[PDB]
Each structure stands twice: as C-alpha cells, then as structure tokens.
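Enquirer: Below you will find the structure I want to go over with you.
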Amino acid sequence: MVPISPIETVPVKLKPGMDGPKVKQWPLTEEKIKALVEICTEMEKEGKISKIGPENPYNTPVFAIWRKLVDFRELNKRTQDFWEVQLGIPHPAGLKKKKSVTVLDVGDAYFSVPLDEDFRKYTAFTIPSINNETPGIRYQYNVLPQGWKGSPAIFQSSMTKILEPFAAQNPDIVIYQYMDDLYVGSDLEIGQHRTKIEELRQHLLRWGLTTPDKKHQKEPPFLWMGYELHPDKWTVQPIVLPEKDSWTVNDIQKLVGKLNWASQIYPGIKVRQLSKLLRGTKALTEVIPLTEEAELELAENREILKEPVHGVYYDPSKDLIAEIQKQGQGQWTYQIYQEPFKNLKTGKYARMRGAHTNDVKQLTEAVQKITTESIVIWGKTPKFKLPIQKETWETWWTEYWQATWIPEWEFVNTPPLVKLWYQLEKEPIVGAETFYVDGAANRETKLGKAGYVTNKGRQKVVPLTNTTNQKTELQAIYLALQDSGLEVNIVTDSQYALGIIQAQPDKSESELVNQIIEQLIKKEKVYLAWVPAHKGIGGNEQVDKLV
Amino acid sequence: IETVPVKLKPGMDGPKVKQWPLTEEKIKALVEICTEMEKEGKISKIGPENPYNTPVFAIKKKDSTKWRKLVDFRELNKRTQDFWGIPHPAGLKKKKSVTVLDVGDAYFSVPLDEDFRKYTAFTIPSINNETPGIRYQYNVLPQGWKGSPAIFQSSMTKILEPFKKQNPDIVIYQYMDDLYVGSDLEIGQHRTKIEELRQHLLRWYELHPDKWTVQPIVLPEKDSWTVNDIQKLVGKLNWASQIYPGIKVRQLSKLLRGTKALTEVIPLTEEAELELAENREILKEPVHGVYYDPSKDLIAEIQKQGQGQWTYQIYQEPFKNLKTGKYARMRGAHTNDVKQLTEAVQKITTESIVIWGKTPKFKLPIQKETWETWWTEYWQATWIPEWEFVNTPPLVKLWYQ
Ligand SMILES: COC(=O)Cc1cc(Oc2ccccc2OCCn2ccc(=O)[nH]c2=O)c(C)c2cc(C#N)ccc12
C-alpha cells in the first residue's frame, strides 16, 4: 500500500461556558431504523464514524429521508465561531480568459478530512432500536460532518494547505476552490494542460482525495451562481419578464430581483418606480396597482431585456474605463469596459434618502461606489468618463464647503450634463436692491406672516395659515426673489434657510425650497447675507411679521 | 525575552473587524512584507479556528519609496485592558523644537504573550475574492498596538538611561511607535544630536512648538464701514459673546437702523467706536475658566477655508478652546482636497499628542463615503484617530477666517 499523507486536524472548542448538545432522539419507524442501520454500518466500515460506549453523555438527533440526516443545529449553536473566507463570490467580470479550463469535483469532501479527536465526542448520535427493546446504537463522527458549523472552513483551509505546494511549483496555472469543486485554468496547449491536470489529481491522490476519473462531467458553458460562463464571454442566466393580469407584492419583488440581478450586465435597467411601489407596504399579498410611470419603466426594461447581452473577461494589459450617465429622479447608470461596445460589466446607483440634493453630489457618490467595486473586482481604480465639464467640477470643488475629490477622469459630452444651476455672490452687489426679509409663525394657531422691506421703500407682508417659523422664513426669501430684479441682495436672520441654501441643492422634497431654487436659476446675481435676530438690527423687522 | 501575560477587558471578546478592499500593488507589497516577516518569526499563519480579524493596509512614509505595513488596531486597542501611568511631560510643548523618531522596529525583538496572539489576527485580502485571504497572527509585539509601548516601557527606559543622564535638558516622550525629543538647541546641533540618539538606539521631522500658539479673535480696522461690514461685525461679535461675557453689540446695531443698501457707507458714532474698542480689549484677554480634563475626550473641528487653507479648534467643552490653529501648508496637494484634509488631520493629531499625550476625536467636513474611500491613500502616520462626519455647513466658518 502506498502510504497516504496525513491531514493535520484543526483544534476546535465550543463557545465559552457552553456545553455539548443533549437532545432527545426521535422515535423512528422500523423501516427508517433499518435504513439508518445499513447506512451507518457502511459508513463505519468506511471509517467515517465509530461506535461509542455508554460513557458519552451527548446526543444529536438523526433522521432518514434512504439518506441519513443528522440535525446539528444545537451543536452549531454551541460550537465556536470560525473564520469563513467565503464572504462575497468572485465576479465573472474579474476573471481572465484562459485557453483551457477544467472542473474537478472532489468526491466525499467533508468525509475525507479528519475531525479533532477531542471534539468528536460532541457529535455523538444514537440509532433507536426496534421496538426500543435494546439500547440504541451509539455513534460518533471521525471526520467533518456535513451540516456542522465548522465543516466548510476546515475543509477549505485543509484543501488550501494541500494545494499550496502544487500551485507554488506551477505558476503557469490558476486554481480556484469552491465547495467540493476545483476550477483550474491555463493558457498552455490542450495536451500540456490535460497533463498538468493529471499531475494535479495525482498530487491530490497523494493525500487521499478523489477527482472525476472520466471526462470531466462539467464542460462549457458553466451555469454557476446565476451566471453563464462561456469560453470567451460571460452573462447572467436568462432573465424573463412575465406578462401579468395584475401584479402583487411578491410578483413585483420577483421582478425587481430579476432587474437588479440583470442590471450588472444589461445597461440602463431602472427600478425606481417598481421598487417605489414598495414604500412601507410590508404585506406580501397586498396587491398594488402600477402607476403609469412604473408601467413605462417596465416597458423600457422589457425593451432592454429583449435579446441577450454578454460581458467580456478582464485583460490586465488594457486600461479600465467606467462611464456614467444620469437617468433622472436620482437614478444613475454606469458601464465598466476596456474597449468600446464591449463591457466588462454594468450597474446603477440610486441617490440616498435626503431632504435636499444636487446632481454633483450624486455623481460624486456614484464615482465612489464604482471605485470601491472596481478595487474589489479588478484591484484598481478605473479612468472615468463623466457627463460634467471640467470647469463645472472646478467651480464646484473649489467653492464647496466640504472636501471632495474625484479620481482621474475626463469629460464625455453625453446629455444630460451635470451642471451648477446657480452660484451665490461672495460680496454684496452695488446697485442691486437690498431686501430685508423676515417671517414668523404662532406655535398654537399655526398662523404666520412672511415679507420684506427694501432700501427703495418696497414692502410686502403676506399672511399665512398652517405654517411654521421655518416655512415663513423660506417664504420670505422666496417673496424677495419673486419681486426683485435680476440682481438682488437679501438679508435674513434664518440660520435654517442659510443652512439649506449653503448646501447648494438643485432639487428638494419641500415644494417651497424647489420654488426658491427655480427663482435662483432665473437670477443673474444673488447675494445672501445673514444677521443675528432680535439684536435691534434696523431693517430686519421681526415686529412687522409678528402682528 | 520573557513574555508578560496580557488579557482583555472583562466581558469583551476579541476584535472581528472586516478587512476593506486593497489595490493590487498594496496587496503585493503586503504579501512581500508579510513573507519576509514570516521568515523572521514575527508573524505566523493561522487556521480557520481563529475568528478574529483586524484591518491591514500599506502606506509609504515621507522621503521613502519602500512600502510599509499599517495595522488598524483601533478596535483591539479599545478592547485591550488598560495598562498602567506616567504623567505627561508638560514641558514637551514648551520646548523650542521636537523631533519624532520611529522606534517601531524595536518592538519586534520582544515576544508576545501566547494566549493573546489569536487577537492580533489579520488578513491579506485577495482580488475579486478569488483565493482565500492569507491569514496571519503576531508572535512579537506588533506596531500600532497600545500594549507594545506599555510592555516595552522598561526596556526603553534602560536604553535611554545613559542619554537621559547625559542631557537633562532634553525631554523624551513616547507615544505608540514614535519617540518625541524636545530640546532648545540649534537646527544643526539638533540634527547632530538626533543622529547621536539614533545611533545610540542603533547599537542597542523638524517640529517647532514655539512657532505655534493660540490664536485670538481679531476684528477689522477700517476708516469707512458699509452696512455689510457692520452687519458681519455684529454677527462675529454676537458669536464671540458665547465665548466672552462682556461683548455688547447694541451701539453697533444702532447704526443699522433703517433699511439701507448693503454697500452704503455708514459713519460710526462715538458710542459705536467706544463699544468696538471695549470689545477689542475684551477679545485681547484669554478665555475665562478654560482647563484640561484628562478624563474627557478631546474634540477637533476642521473648516475648509479655500485656496488650501484650513482652520481647526481642539476643545472639550463647547466655546472653551484648548487650542486653535490654521494649517495652510501646500505640499503636492494643490488639486486634492482629501489629501489636504488628511495631512491636516495628521498634523493636528501630532500636535494633540505633543500637548496632551492622546489623540482627539475629529469632526471632518466631508461625506463619509468620500473619506472612507480615499483617506488611506495619503496617510503616513503609524497611529489612527477617531472621526465623525459633519453634513451640515457650519455658519462659523468665516468667523475663524
Ligand atoms: C471560483 O472561481 C470562480 O468563481 C470563477 C470560475 C472560473 C473558472 O475557470 C477558470 C479557472 C482558473 C482561472 C480562470 C478561469 O476562468 C477564466 C475565465 N473563463 C471562464 C470560463 C471559461 O470557459 N473560460 C474562461 O476563460 C471556472 C471553470 C468556474 C466554474 C464554475 C462552475 N460550475 C464557477 C466559477 C468558475
């Protein structure tokens, strides 16, 4: 017999203070009992388990469905935490084309790696006897049980330690471990590649690990994690948008899942309205009628998902490009590619939940997201193509009160373009009228007044119902903007209004703020000055609006 | 050569902090560095039975192209038991000059407590999660850990004992992996003495605190004032009244009586000039009842002023500034606001270390996503402070300008 190399065991303990499981065994039918006796007999013959004496006080319930199924949920609750290196799957757009690619599934994955002997006593389970007239047969696991908390991590670490020397002495091939399957790839000739595969399954056989002896049962295209991997391209598995008489919550969520999953390769997928119908529903059966906006979004989605679209694999010798387009209503779409009309992948970004916003901030956020995603997938930041002029970005970041930065980028002239819609003056305007504004509201009656007095003697006070102090301050500024010329100086005491305007929004939830923005867009020069309230600053008349 | 037992705070498990993505060149640099450290026994590979993790990344310090490994031990530091204390040198900030030295290598000659090693675990990530990340743990005192200077304190005292006995006028301080050396000599004599101390440390950053002080509130001096000028003056004086008690603005607000054009020149009455003069005299005095409490956190606020200029204030209680400053240095960051903000955070943190011996909590005028995306690209220090993000534009920006 050729001596097998031992597999180093992983020391495992339970959580601090917790003890091993003690769960009562279920009563099973005579047929099920016989089945489990045969199965456990063959397994004991193979060495996966071993009979134990009555000294062991731990027990784990067992079932037959014949196939044996041990329910380790309690032991999993009591087992220590492990390091799971599987946190996010590799994205197909990050792969590099290989001339030859082979799949080698390892049979009896967890049942070939030994378990820490000091921990095996916690995996004990019993087989009930016929008519329960004899003591049930006691067993413990000698290898990694499928369903136990630590089996995937220990299996992957053992496989990695086994594969390290082979990969070191073979720098011309790439190996991926995934569950009980291995994915090898190389650019060598098909004969040399198959030869190195034989060497690999030999090296795995030296440790007692088996691979597909026949022709590898999986060949391109590979269907994996909702993806199709082809010899020269990749895509998602077919996305079919169904016809429906009426759409429900689960139908709409299925559709938004298909659209979100399909948006990584199909450019221009929008989900704002269809996901907007889910605003605080929380009822899986509640049928929601589609707005015509959502139906139109659906029509565009079907028009995009009409015929298949594929992505290419990554070439490290070419530059990495990411281009962004604005779609409206806080929606953004982007393509990552290395050659024109051949995308590596696509995606979208929706603006965050906020009371006020502008296009420049959203474009910045989308750039940050694309940057992080690109560092994840390809390990580098791409060059950007953005629908914003260089001068616009320069003015924005130089005048913005916050710090901001975009990595290397260039302007692409693809409307709609992101622009600055208004800019406030830094100094007061000579020759422009000076509007002293103020507003106030009664906290009980919700009655208020908003208005202005100007240096030319122009005055206005408007009364208001169902309002607040903030609303009357914004309303006063809006009145000054409505009744003034193309150049105006405005004096307010509202720290609230100044806080809003100094954030430079071009769009807002409050209709009053949006009207103020529309007024600012029409002005040539606006200087907004702030003064403290109730300080006897003449002109600023708190008493004119408190009547 | 003998390990000291180290434990964690009661009821606290080890750190389990996600490792953030790194570029390919940083991953390769960390692979080379960690390989070399593994050949030297400073680190060892670990198995899946270690669930703890601490973030790691790679930087490049000043005047060097060699990649350096930086571990973000913030979570482990706050989860590590408190080590006890040496009173902070109150004369280090008073000295004419201070030079900062990197003594981190000396930590790697002292072994680390065995049972604690599983808490220093870190992961070199892989691109696209293709292969599992390379997991390590430390066998010696790691750089960036707070327990490393505390444990190495005795050895460091024994190494610096001859030099301290030779020059009693030189103040020596230690924070994390850095050694702060304050003296009053000449820049040439200072550099030669620094070479003397570095070879003394071998066989076993010019910073002048005297050129930084506290900044007073100043008011304009004009021969003619506009309505806008007086309005801004009243704004700044009303703001300063939160800091100084006797500030009054009624005689200056009396000038603003009426709805006048903002650019119209208003002459100051005699009462207004007297009030402004009294406010100047009040602002020339220090703030009333401003003390430092070692049991409280230090808070630092930074305002972007434009044209590469930045202002900052370190305080504990609002309107009780312990330090104020204005960082306007330009060093290859003309077109990058985030690099400027990051260098500013590093300088402010260094000053805080020199004055109080601990780092402040920052309020950064930046969106979270931008900062967290880019700040590691410009970081050169061995420590990392804590920070939060201010999303509302503060009105007091120009009142510090
Ligand atoms: C785990 O790594 C991955 O997720 C990527 C991954 C890579 C992989 O194959 C590879 C193995 C080693 C290096 C690169 C590989 O793909 C390069 C790109 N590609 C892909 C398919 C093809 O024909 N031709 C190609 O040039 C296979 C065969 C996978 C198979 C399955 C299945 N079933 C799942 C993922 C797979």
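Residues are named by chain letter and number: chains run A, B, ... in the order of the structure tokens, numbers start at 1 in each chain, and ligands are numbered from 1 in the order shown.
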Could you give me the residues within 7 Å of ligand 1, counting only C-alpha atoms and all ligand atoms, as a PyMOL selection string?

Expert: (chain A and resi 89-92+95-103+174-178+183-186+220-224+229-232+313) or (chain B and resi 130)

Enquirer: Using N, CA, C and O atoms, can you write the selected residues to a file as a compact mmCIF listing (two decimals), in the first residue's frame?

Expert:
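Dumped to again01.txt:
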```txt
# COMPACT_ATOMS: atom_id res chain seq x y z
N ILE A 89 -18.90 36.41 -3.52
CA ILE A 89 -18.40 35.48 -4.53
C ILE A 89 -17.58 36.25 -5.56
O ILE A 89 -17.82 37.45 -5.77
N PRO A 90 -16.61 35.62 -6.22
CA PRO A 90 -15.89 36.30 -7.29
C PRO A 90 -16.82 36.68 -8.43
O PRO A 90 -17.72 35.93 -8.80
N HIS A 91 -16.60 37.87 -8.98
CA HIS A 91 -17.46 38.32 -10.06
C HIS A 91 -16.88 37.89 -11.40
O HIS A 91 -15.68 38.05 -11.63
N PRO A 92 -17.70 37.34 -12.30
CA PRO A 92 -17.16 36.84 -13.58
C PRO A 92 -16.39 37.88 -14.38
O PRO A 92 -15.49 37.51 -15.14
N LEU A 95 -12.53 37.79 -14.00
CA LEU A 95 -11.75 36.67 -14.47
C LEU A 95 -10.96 37.04 -15.72
O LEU A 95 -11.27 38.00 -16.43
N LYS A 96 -9.93 36.24 -16.00
CA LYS A 96 -9.05 36.44 -17.14
C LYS A 96 -9.13 35.23 -18.06
O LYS A 96 -8.99 34.09 -17.60
N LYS A 97 -9.35 35.48 -19.35
CA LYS A 97 -9.55 34.41 -20.32
C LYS A 97 -8.39 33.43 -20.31
O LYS A 97 -7.22 33.82 -20.37
N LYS A 98 -8.72 32.14 -20.23
CA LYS A 98 -7.74 31.06 -20.28
C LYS A 98 -8.05 30.17 -21.48
O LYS A 98 -9.21 29.92 -21.79
N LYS A 99 -6.99 29.70 -22.14
CA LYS A 99 -7.19 28.85 -23.32
C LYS A 99 -7.83 27.52 -22.95
O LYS A 99 -8.63 26.98 -23.73
N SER A 100 -7.51 26.97 -21.78
CA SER A 100 -8.08 25.72 -21.32
C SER A 100 -8.56 25.86 -19.88
O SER A 100 -7.90 26.52 -19.06
N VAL A 101 -9.69 25.24 -19.58
CA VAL A 101 -10.36 25.37 -18.29
C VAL A 101 -11.00 24.03 -17.94
O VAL A 101 -11.70 23.43 -18.76
N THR A 102 -10.75 23.55 -16.72
CA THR A 102 -11.14 22.22 -16.28
C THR A 102 -11.80 22.30 -14.92
O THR A 102 -11.42 23.11 -14.07
N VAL A 103 -12.80 21.43 -14.70
CA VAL A 103 -13.52 21.34 -13.44
C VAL A 103 -13.27 19.97 -12.83
O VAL A 103 -13.46 18.94 -13.50
N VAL A 174 -3.83 28.50 -12.84
CA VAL A 174 -4.62 29.12 -11.79
C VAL A 174 -5.62 28.10 -11.27
O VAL A 174 -6.27 27.41 -12.06
N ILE A 175 -5.75 28.02 -9.95
CA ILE A 175 -6.65 27.07 -9.31
C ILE A 175 -7.60 27.84 -8.39
O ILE A 175 -7.17 28.73 -7.65
N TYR A 176 -8.88 27.48 -8.45
CA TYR A 176 -9.91 28.05 -7.60
C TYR A 176 -10.59 26.93 -6.83
O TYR A 176 -10.96 25.91 -7.42
N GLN A 177 -10.75 27.12 -5.52
CA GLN A 177 -11.51 26.19 -4.69
C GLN A 177 -12.90 26.76 -4.46
O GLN A 177 -13.05 27.94 -4.14
N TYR A 178 -13.91 25.91 -4.60
CA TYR A 178 -15.29 26.34 -4.36
C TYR A 178 -16.12 25.12 -4.01
O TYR A 178 -16.36 24.27 -4.87
N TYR A 183 -11.59 24.55 -9.88
CA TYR A 183 -11.62 25.12 -11.22
C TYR A 183 -10.20 25.51 -11.59
O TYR A 183 -9.65 26.47 -11.04
N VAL A 184 -9.61 24.78 -12.53
CA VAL A 184 -8.24 25.03 -12.96
C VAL A 184 -8.28 25.65 -14.35
O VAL A 184 -9.16 25.35 -15.16
N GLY A 185 -7.33 26.53 -14.62
CA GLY A 185 -7.27 27.20 -15.91
C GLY A 185 -5.84 27.51 -16.28
O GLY A 185 -5.01 27.79 -15.41
N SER A 186 -5.56 27.47 -17.58
CA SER A 186 -4.21 27.74 -18.05
C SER A 186 -4.27 28.14 -19.51
O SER A 186 -5.24 27.87 -20.22
N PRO A 220 -17.98 23.72 -20.70
CA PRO A 220 -18.63 25.00 -21.06
C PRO A 220 -19.88 24.83 -21.92
O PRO A 220 -19.93 23.93 -22.76
N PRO A 221 -20.89 25.69 -21.72
CA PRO A 221 -20.88 26.78 -20.74
C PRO A 221 -21.23 26.32 -19.32
O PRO A 221 -22.00 25.38 -19.15
N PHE A 222 -20.65 26.98 -18.32
CA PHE A 222 -20.88 26.64 -16.92
C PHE A 222 -21.98 27.52 -16.34
O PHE A 222 -21.94 28.75 -16.48
N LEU A 223 -22.97 26.90 -15.70
CA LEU A 223 -24.06 27.62 -15.05
C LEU A 223 -23.77 27.65 -13.55
O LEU A 223 -23.77 26.61 -12.89
N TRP A 224 -23.52 28.85 -13.02
CA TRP A 224 -22.98 28.96 -11.66
C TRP A 224 -23.39 30.27 -11.03
O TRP A 224 -23.06 31.34 -11.55
N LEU A 229 -20.93 31.17 -17.69
CA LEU A 229 -19.53 31.36 -18.03
C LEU A 229 -19.23 30.60 -19.32
O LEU A 229 -19.32 29.36 -19.35
N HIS A 230 -18.88 31.33 -20.37
CA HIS A 230 -18.56 30.79 -21.68
C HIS A 230 -17.06 30.91 -21.94
O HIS A 230 -16.36 31.64 -21.24
N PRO A 231 -16.53 30.18 -22.93
CA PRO A 231 -15.07 30.20 -23.14
C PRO A 231 -14.48 31.59 -23.34
O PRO A 231 -13.32 31.82 -22.95
N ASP A 232 -15.24 32.53 -23.91
CA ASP A 232 -14.72 33.85 -24.20
C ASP A 232 -15.58 34.98 -23.66
O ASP A 232 -15.23 36.15 -23.84
N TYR A 313 -14.30 39.13 -20.53
CA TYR A 313 -13.41 38.87 -19.41
C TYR A 313 -12.34 39.96 -19.33
O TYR A 313 -12.16 40.77 -20.25
N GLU B 130 -10.94 35.77 -5.17
CA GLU B 130 -10.63 34.59 -5.97
C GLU B 130 -10.09 33.46 -5.10
O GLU B 130 -10.68 32.38 -5.03
```

Enquirer: Determine, for each residue of chain A having at least one atom at most 8 Å from an atom of chain B, the closest pair of atoms and their separation in Å to one decimal, counting only C-alpha atoms; order by chain and ascending number, as a tab-separated table.

Expert:
```
residue	atom	partner	partner_atom	distance
A:10	CA	B:49	CA	6.9
A:11	CA	B:49	CA	6.9
A:12	CA	B:49	CA	6.5
A:81	CA	B:51	CA	5.9
A:82	CA	B:51	CA	4.9
A:83	CA	B:51	CA	4.5
A:84	CA	B:48	CA	7.4
A:85	CA	B:132	CA	5.8
A:86	CA	B:132	CA	7.7
A:87	CA	B:129	CA	7.9
A:88	CA	B:129	CA	7.0
A:89	CA	B:129	CA	6.4
A:90	CA	B:128	CA	5.0
A:91	CA	B:128	CA	6.5
A:94	CA	B:128	CA	6.4
A:153	CA	B:48	CA	6.0
A:154	CA	B:48	CA	6.1
A:157	CA	B:48	CA	6.7
A:176	CA	B:131	CA	6.4
A:177	CA	B:131	CA	7.4
A:365	CA	B:369	CA	7.2
A:368	CA	B:370	CA	6.4
A:372	CA	B:373	CA	7.1
A:375	CA	B:23	CA	5.8
A:376	CA	B:128	CA	5.4
A:377	CA	B:128	CA	4.3
A:378	CA	B:127	CA	6.4
A:379	CA	B:23	CA	4.4
A:380	CA	B:23	CA	5.3
A:398	CA	B:306	CA	6.7
A:399	CA	B:306	CA	7.2
A:401	CA	B:304	CA	6.2
A:402	CA	B:365	CA	5.0
A:403	CA	B:366	CA	5.2
A:404	CA	B:337	CA	5.9
A:405	CA	B:336	CA	6.3
A:428	CA	B:262	CA	6.5
A:429	CA	B:263	CA	7.4
A:430	CA	B:263	CA	6.2
A:433	CA	B:261	CA	6.9
A:434	CA	B:261	CA	5.4
A:436	CA	B:259	CA	7.2
A:453	CA	B:259	CA	7.0
A:454	CA	B:259	CA	6.0
A:455	CA	B:259	CA	4.9
A:489	CA	B:262	CA	7.6
A:495	CA	B:395	CA	8.0
A:499	CA	B:393	CA	6.4
A:502	CA	B:393	CA	6.7
A:503	CA	B:393	CA	6.6
A:530	CA	B:235	CA	7.9
A:531	CA	B:235	CA	5.9
A:532	CA	B:235	CA	6.0
A:535	CA	B:253	CA	6.8
A:536	CA	B:253	CA	5.8
A:537	CA	B:253	CA	5.0
A:538	CA	B:257	CA	3.6
A:539	CA	B:259	CA	4.1
A:540	CA	B:259	CA	7.7
```

Enquirer: For residue 407 of chain A, work out the shell of residues within 9 Å, counting only C-alpha atoms and skipping chain neighbours fewer than 5 positions away, then give it as a VMD selection string.

Expert: chain A and resid 367 371 381 to 384

Enquirer: Leaving out residue 448 of chain A and any residue of its chain fewer than 6 positions from it, which residues lie within 7 Å of it when counting only C-alpha atoms, given as a ChimeraX atom specification?

Expert: /A:440-442,463-465,467,472

Enquirer: Would you mind exporting the chosen residues as a PDB file, in the first residue's frame, restricted to N, CA, C and O atoms?

Expert:
```
ATOM      1  N   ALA A 440     -42.507  84.820  10.553  1.00  0.00           N
ATOM      2  CA  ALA A 440     -42.754  84.333  11.904  1.00  0.00           C
ATOM      3  C   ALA A 440     -44.101  83.632  11.934  1.00  0.00           C
ATOM      4  O   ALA A 440     -44.993  83.948  11.146  1.00  0.00           O
ATOM      5  N   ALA A 441     -44.240  82.677  12.851  1.00  0.00           N
ATOM      6  CA  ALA A 441     -45.475  81.916  12.968  1.00  0.00           C
ATOM      7  C   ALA A 441     -45.820  81.710  14.434  1.00  0.00           C
ATOM      8  O   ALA A 441     -44.941  81.654  15.297  1.00  0.00           O
ATOM      9  N   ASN A 442     -47.119  81.599  14.701  1.00  0.00           N
ATOM     10  CA  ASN A 442     -47.621  81.315  16.037  1.00  0.00           C
ATOM     11  C   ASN A 442     -47.680  79.807  16.242  1.00  0.00           C
ATOM     12  O   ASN A 442     -48.266  79.086  15.427  1.00  0.00           O
ATOM     13  N   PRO A 463     -49.930  87.261   4.899  1.00  0.00           N
ATOM     14  CA  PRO A 463     -50.347  86.365   5.977  1.00  0.00           C
ATOM     15  C   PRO A 463     -50.520  84.941   5.476  1.00  0.00           C
ATOM     16  O   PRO A 463     -50.824  84.688   4.309  1.00  0.00           O
ATOM     17  N   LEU A 464     -50.318  84.000   6.393  1.00  0.00           N
ATOM     18  CA  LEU A 464     -50.255  82.588   6.054  1.00  0.00           C
ATOM     19  C   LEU A 464     -50.956  81.771   7.126  1.00  0.00           C
ATOM     20  O   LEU A 464     -50.848  82.071   8.321  1.00  0.00           O
ATOM     21  N   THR A 465     -51.665  80.735   6.690  1.00  0.00           N
ATOM     22  CA  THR A 465     -52.288  79.763   7.573  1.00  0.00           C
ATOM     23  C   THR A 465     -51.553  78.435   7.466  1.00  0.00           C
ATOM     24  O   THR A 465     -51.003  78.097   6.414  1.00  0.00           O
ATOM     25  N   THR A 467     -48.701  77.060   8.990  1.00  0.00           N
ATOM     26  CA  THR A 467     -47.299  77.276   8.669  1.00  0.00           C
ATOM     27  C   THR A 467     -46.474  77.213   9.947  1.00  0.00           C
ATOM     28  O   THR A 467     -47.007  77.084  11.053  1.00  0.00           O
ATOM     29  N   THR A 472     -42.063  80.187   7.161  1.00  0.00           N
ATOM     30  CA  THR A 472     -42.240  81.613   6.915  1.00  0.00           C
ATOM     31  C   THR A 472     -40.922  82.301   6.583  1.00  0.00           C
ATOM     32  O   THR A 472     -40.917  83.306   5.863  1.00  0.00           O
TER      33      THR A 472
END
```

Enquirer: Could you name the residues that touch segment 205-207 of chain B at 9 Å or less, counting only C-alpha atoms, but leaving out those on the same chain fewer than 2 positions away, as a ChimeraX atom specification?

Expert: /B:96-101,187,191,209,211
